[PDB]
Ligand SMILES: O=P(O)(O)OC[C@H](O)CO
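A single chain comes next, written as structure tokens; it is the form solved without ligand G3P.
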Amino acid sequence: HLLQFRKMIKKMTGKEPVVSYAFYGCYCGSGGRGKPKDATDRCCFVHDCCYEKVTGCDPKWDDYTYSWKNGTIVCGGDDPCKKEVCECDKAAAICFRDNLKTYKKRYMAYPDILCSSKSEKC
């Protein structure tokens, strides 16, 4: 669920997820088109593609089971669709942390008109 995803981004980056990531670049908001603007945005692009692959449950609005073991996020439960969603979210929140070095504030509420037409393929 969206709020579990937000918990993981806050924990992994220290950044409050909504102003810092919900509108970043060409892919971090609802939708997405064009070419990813930088690595953070490319994290959002892989996360969008990861969600498109989920058949069987709602990626944005169902809850999954995860817990924190020794500094890392562990996706569990016995529903394979929900755990698949959890793995998308975990992967994106780690990717955000690893690309915190190139994070540009100029891309934080990026104008959708600046995103190319030619959308990158997954």
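Just count from 1 along the sequence shown to find any residue number.
Heads up, the form solved in complex with ligand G3P isn't pictured, but that's what we're talking about next.
**Student:** Decide open or blocked for this chain: ligand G3P is absent here, so superimpose its site C-alphas on those in the bound PDB entry and check whether 3 or more ligand atoms come within 2.4 Å of a backbone or C-beta atom.
**Tutor:** Judged against ligand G3P in the bound PDB entry, the pocket is open.
**Student:** Counting only non-hydrogen atoms and a 4.5 Å threshold, tell me whether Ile9, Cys44 and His47 all contact ligand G3P in the bound PDB entry.
**Tutor:** Affirmative, all three are within 4.5 Å.
**Student:** Taking any heavy atom pair closer than or equal to 4.5 Å as contact, tell me whether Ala22 reaches ligand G3P in the bound PDB entry.
**Tutor:** Contact check for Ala22: yes, within 4.5 Å of ligand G3P in the bound PDB entry.
**Student:** Taking any heavy atom pair closer than or equal to 4.5 Å as contact, tell me whether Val18 reaches ligand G3P in the bound PDB entry.
**Tutor:** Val18: yes, in contact with ligand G3P in the bound PDB entry.
**Student:** Answer with yes or no whether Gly77 is in contact with ligand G3P in the bound PDB entry, where contact means some heavy atom within 4.5 Å.
**Tutor:** No, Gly77 sits far enough from ligand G3P in the bound PDB entry that none of its heavy atoms falls within 4.5 Å.
**Student:** At 4.5 Å between heavy atoms, is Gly34 in contact with ligand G3P in the bound PDB entry?
**Tutor:** Outside the cut-off, so no.
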